[PDB]
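Visitor: return atomic coordinates for the entry below.
(chains A and B, ligands or ions: 8)
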2 protein chains.
Amino acid sequence: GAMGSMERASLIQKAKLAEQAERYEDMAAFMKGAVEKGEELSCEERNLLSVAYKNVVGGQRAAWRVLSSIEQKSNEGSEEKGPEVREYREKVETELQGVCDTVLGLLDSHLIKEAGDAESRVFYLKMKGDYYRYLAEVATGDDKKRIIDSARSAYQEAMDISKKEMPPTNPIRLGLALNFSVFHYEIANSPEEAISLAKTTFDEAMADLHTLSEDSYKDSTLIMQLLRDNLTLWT
Amino acid sequence: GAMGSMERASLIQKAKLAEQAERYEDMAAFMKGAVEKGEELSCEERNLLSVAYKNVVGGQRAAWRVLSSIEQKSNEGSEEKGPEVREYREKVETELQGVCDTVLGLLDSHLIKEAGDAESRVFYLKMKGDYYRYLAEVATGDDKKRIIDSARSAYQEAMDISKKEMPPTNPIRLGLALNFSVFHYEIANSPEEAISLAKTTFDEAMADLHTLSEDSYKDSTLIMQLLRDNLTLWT
Ligand SMILES: [Ca+2]
Ligand SMILES: [Ca+2]
Ligand SMILES: [Ca+2]
Ligand SMILES: [Ca+2]
Ligand SMILES: [Mg+2]
Ligand SMILES: [Mg+2]
Ligand SMILES: [Mg+2]
Ligand SMILES: [Mg+2]
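Guide: Residues are numbered from 1 along each chain as shown, chains lettered A, B, ... in the order given. Ligands and ions are numbered 1, 2, ... in the order given. Next comes the structure:
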């Protein structure tokens, strides 16, 4: 790998600089190099990995949605324009799939198997569900159902651990539940499960806020608002 | 080149799709492929080329400024942090220089020499001044003065043609004058020349607005406002 000659600490330092410069592709490459050093990631380092790839894939998903919509309209009274829209949508789609496969590969070799604490294991399993979810958004062929089930299975294992090992206000647990609820609504055609999950998560967090410091209260209530935003949109 | 097998029309079509998807690196690559087909560019195609590269280099310049500022602070009571900030600033700088060299290469081979109409020749010479200006922003060594003079010379030839062949409200002429005034203020250490140029350009355009249609009036007054914005900032 092209980061093989750079010190782990320097990769982390440069990932933080790339974040400040909004250079998320660089940030992701630096964090991939850091993961490939083979040592486990601290909490801050895990967040850097997630921020980098979420931003890279988020731009790819936004572009794919623009191009997919143009492609949809072209296939309605619409004039034939040739293969270009499909080709370019496919190009962006293949790039997106490549990023998802890269992230999933880092999780499989070997972040998840070395993650023993609940906070790291839940974090990585949530990421696995997220990146299979992004693959599912663009899937159409023989493995769409298997891709969806891979996302479900990762989210489910993360939920089981998070419920047993974390308080209901833990921001990792809240963000996992938020994303699993989105999976239910957007991927699994299960809006009732999505609503039930978001509501139960919100209510159980509400009841636990009294145990928190002012700073933790701020952290948890911010994610609760994201759950509330979805419930308002979905109900 | 990787676009050598794609039709010129398909490259143009995909450049427009990439713009809609805010995929400016792709847009630039498509427009580079279109230029390399060897045919002259229409007015719309010239604008696509400029939009693509302006957005790519604009992101690089913003990142370089962030990293340069961090580097400045590190060299003031500041703790020694190693070579990483300089290395990463250099990496972004080298990428930026590569983009500028790519654009300048397309202008030199062979867009400028085939551009005979004032509107195309002024457009390309303005681009030449712009991309030498971006090189000058990061230059420090033996050729900084020669880089600055290359920007000046391109802008000056574009100004001479634009003054002889275009009305003072022409949006190309206005945008050239805007950028040459920025060159004077930011690159050539000539704020009085920058102010004089912006003011004279604004006033000569004002006096010509009566000749324009409603749509052309809108086009010209928008760029005049950019000149006014700079004058307000600089005076
Ligand atoms: Ca080492
Ligand atoms: Ca028709
Ligand atoms: Ca052809
Ligand atoms: Ca100190
Ligand atoms: Mg290396
Ligand atoms: Mg119901
Ligand atoms: Mg090709
Ligand atoms: Mg004075």
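
Visitor: residue A:32 touches residue A:4, doesn't it?
Guide: No: Residue A:32 lies out of contact with residue A:4 (C-beta atoms under 8 Å); the separation is 11.0 Å. The way it works is simple: take the backbone N, C-alpha and C, and place the C-beta from them, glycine included.

Visitor: please say which of those two ends up with more neighbours.
Guide: A count of neighbours by other C-beta atoms under 10 Å in any protein chain shown puts residue A:32 above the other of residue A:32 and residue A:4, at 21 against 8.

Visitor: from residue A:105, how far out is the more buried one?
Guide: 9 Å (C-beta to C-beta, to the nearest Å).

Visitor: try residue A:90
Guide: Distance of residue A:90 to residue A:105, given as C-beta to C-beta: 22 Å.

Visitor: do residue A:62 as well
Guide: According to C-beta to C-beta, residue A:62 and residue A:105 sit 23 Å apart.

Visitor: grab the nearest non-local neighbour of residue A:162.
Guide: Of all residues not flanking residue A:162 in the chain, residue A:173 sits nearest, at 4.2 Å (C-beta to C-beta, 6 or more residues apart in numbering or on different chains).

Visitor: now do the buried residues in stretch A:180-187.
Guide: Neighbour counts using 16 or more other C-beta atoms under 10 Å in any protein chain shown place A:180-185, A:187 of stretch A:180-187 among the buried residues.

Visitor: give me the number of neighbouring residues for residue A:161.
Guide: With neighbours defined by other C-beta under 10 Å, the count for residue A:161 comes to 17.

Visitor: hang on, the earlier thing: tell me the SS of the residue nearest to residue A:162?
Guide: Reducing the assignment at residue A:173 to three states with DSSP: H, G, I helix; E, B strand; the rest coil gives helix.

Visitor: what is the neighbour count of it?
Guide: By the other C-beta under 10 Å criterion, the neighbourhood of residue A:173 contains 27 residues.

Visitor: which residues are in contact with it?
Guide: For residue A:173, the contact set (C-beta atoms under 8 Å, 6 or more residues apart in numbering or on different chains) comprises A:122, A:162-163, A:166-167.

Visitor: need the max-distance pair from those residues.
Guide: A:122 and A:167 (12.4 Å; C-beta to C-beta).

Visitor: more crowded one of these two?
Guide: Under the criterion of other C-beta under 10 Å, the comparison of residue A:122 against residue A:167 puts residue A:122 first, with 25 against 14.

Visitor: show me the contacts for the more buried one.
Guide: Residue A:122 touches A:158, A:161-162, A:165-166, A:172-173, A:176, counting by C-beta under 8 Å, 6+ apart.

Visitor: for it, give its distance to residue A:131.
Guide: Distance, residue A:122 to residue A:131, by C-beta to C-beta: 15 Å.

Visitor: go on, residue A:226?
Guide: Shown here: residue A:226 relative to residue A:131, a distance of 20 Å by C-beta to C-beta.

Visitor: okay, those two: which has more neighbours?
Guide: For residue A:226 versus residue A:131, neighbours defined as other C-beta under 10 Å are more numerous around residue A:131 (25 against 17).

Visitor: can you tell me which residues contact the more buried one?
Guide: Taking C-beta under 8 Å, 6+ apart as the contact definition, residue A:131 lies against A:53, A:57, A:100, A:103-104, A:107.

Visitor: looking at those, state which has the most neighbours.
Guide: Counting neighbours by other C-beta under 10 Å, residue A:103 leads those with 27 neighbours.

Visitor: may I have the phi/psi pair for residue A:153?
Guide: The phi/psi pair for residue A:153 (degrees, to the nearest 10) reads phi -60, psi -40.

Visitor: and if you look at residue A:82?
Guide: According to degrees, to the nearest 10, the main-chain angles of residue A:82 amount to phi 90, psi -170.

Visitor: cool, and residue A:81?
Guide: phi -120, psi 0.

Visitor: now residue A:22
Guide: phi 50, psi 40.

Visitor: cool, residue A:148 as well?
Guide: In terms of degrees, to the nearest 10, the main-chain angles of residue A:148 are phi -60, psi -40.

Visitor: in three-state terms, label residue A:131 for me.
Guide: Under the three-state scheme (three-state DSSP), residue A:131 adopts helix.

Visitor: what sits against residue A:32?
Guide: Shown here is residue A:32, whose contacts under the criterion C-beta under 8 Å, 6+ apart are A:1, A:3, A:102, A:106.

Visitor: moving C-terminal from whichever helix in chain A runs longest, which element do we reach first?
Guide: As assigned by DSSP state H, the longest helix anywhere in chain A is helix A:43-74. Moving toward the C-terminus from helix A:43-74, the first helix or strand encountered (DSSP states H and E) is helix A:84-106.

Visitor: which ones are touching the residue in chain A that ligand 7 sits nearest to?
Guide: In chain A, no residue comes nearer to ligand 7 than residue A:87, which is 11.4 Å away by C-beta to the ion. Neighbour list for residue A:87: residue B:14 [criterion: C-beta under 8 Å, 6+ apart].

Visitor: state the distance from it to residue A:71.
Guide: Using C-beta to C-beta, residue A:87 is found at 10 Å from residue A:71.

Visitor: what residues does chain A have near ligand 5?
Guide: Residues of chain A lying close to ligand 5 by C-beta under 5 Å from the ion are A:3-6.

Visitor: write the ChimeraX selection for whichever of these are buried.
Guide: ChimeraX command restricting the residues of chain A next to ligand 5 to the buried ones, with burial defined by 16+ other C-beta under 10 Å:
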select /A:3,6
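
Visitor: just curious, which of the residues of chain A next to ligand 5 is nearest to residue B:115?
Guide: Nearest to residue B:115 among the residues of chain A next to ligand 5 is residue A:3, at 43.6 Å by C-beta to C-beta.

Visitor: apart from its chain neighbours, what residue comes closest to the closest one?
Guide: residue A:33 (2.5 Å).

Visitor: in PyMOL, select just the buried ones from the contacts of residue A:32.
Guide: Buried members of the contacts of residue A:32, defined by 16+ other C-beta under 10 Å, are picked up in PyMOL with:
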select buried, chain A and resi 3+102+106
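
Visitor: and which of the contacts of residue A:32 is nearest to ligand 5?
Guide: For the contacts of residue A:32, the closest approach to ligand 5 (C-beta to the ion) belongs to residue A:3, at 4.9 Å.

Visitor: touching, residue A:33 and residue A:4? I think so.
Guide: Yes: applying C-beta under 8 Å, one finds residue A:33 in contact with residue A:4, separated by 7.3 Å.

Visitor: ok, now how distant is the residue sitting furthest away from the middle of chain A from chain B?
Guide: Among the residues of chain A, the one whose C-alpha is farthest from the average of all C-alpha positions is residue A:77, by C-alpha atoms, centre = their mean at 38.2 Å. Using C-beta to the nearest C-beta, to the nearest Å, one obtains 20 Å as the distance from residue A:77 to chain B.

Visitor: same check on residue A:95?
Guide: Residue A:95 sits 10 Å away from chain B, going by C-beta to the nearest C-beta.

Visitor: and if you look at residue A:231?
Guide: On the measure of C-beta to the nearest C-beta, residue A:231 and chain B end up 30 Å apart.

Visitor: now that residue. Nearest residue, chain neighbours left out?
Guide: Ranked by C-beta to C-beta, 6+ apart and with sequence neighbours excluded, the top spatial neighbour of residue A:231 is residue A:198, at 5.2 Å.

Visitor: all good on my end, thank you.
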